[PDB]
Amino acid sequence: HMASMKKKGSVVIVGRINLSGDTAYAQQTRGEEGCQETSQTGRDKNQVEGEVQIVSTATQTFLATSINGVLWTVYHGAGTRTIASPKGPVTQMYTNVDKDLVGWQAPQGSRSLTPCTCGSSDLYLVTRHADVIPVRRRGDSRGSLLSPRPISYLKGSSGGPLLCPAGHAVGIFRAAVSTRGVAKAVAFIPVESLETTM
């Protein structure tokens, strides 16, 4: 009934992938209980830091990556949801279901990656466990893992970055090509597609 219809909660930042020093490591900044409460109100007062955020809904958890002042993630994780912020829910400024892409304004305190113009095919994928996986670019939006591993290790890392040797953002992790449960290649949203969407 109309009086009963509920509203989906906001995406909530629950942690980050720390790439500050020489050792990548995941940090949690908000627990389950706090995440639930923040998703309902859309009011997140936590300080935000870094380029790669760990984000959650009531049912999913994935990554979001800041590039050129926009926090990017995948549509199949975020849908059309708002993101929580200190002043309330923030509406998406980019939504493209054909690209599996959404974006909000980068939160205050975050840092943005620079789009890559190197043209290099030696990439690095950052997972939600702070694993840095070498990936060879095989096309406009595909890349192969130098060391294949079960898809279990990539699950929950959509929205994470593929980086060039210089640490520029080359793309956003979107999907995994699996053979008998082994991820041999990944699909990503090229940064050029982000720059065109912008």
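A residue's number is simply how far along the shown sequence it sits, counting from 1.
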Comparing average C-alpha B factors as deposited, tell me which of 102-110 and 67-75 sits higher. 102-110
Can you let me know which of the two, 24-32 or 158-166, has the higher average C-alpha B-factor in the entry? 24-32
Name the residue from 175, 11, 189, 19 with the greatest C-alpha temperature factor listed in the entry. 19
In terms of CA temperature factor as recorded, identify the highest of 53, 141, 61, 47. 47
Would you check the entry's CA temperature factor for residue 146 and let me know if it's in the chain's lowest, middle or highest third? highest
Among all modelled residues of this chain, ranked by Cα B factor, put residue 90 in the bottom, middle or top third, i.e. lowest, middle or highest. lowest
Cα B factor band for residue 118 (lowest, middle or highest third within the chain): highest
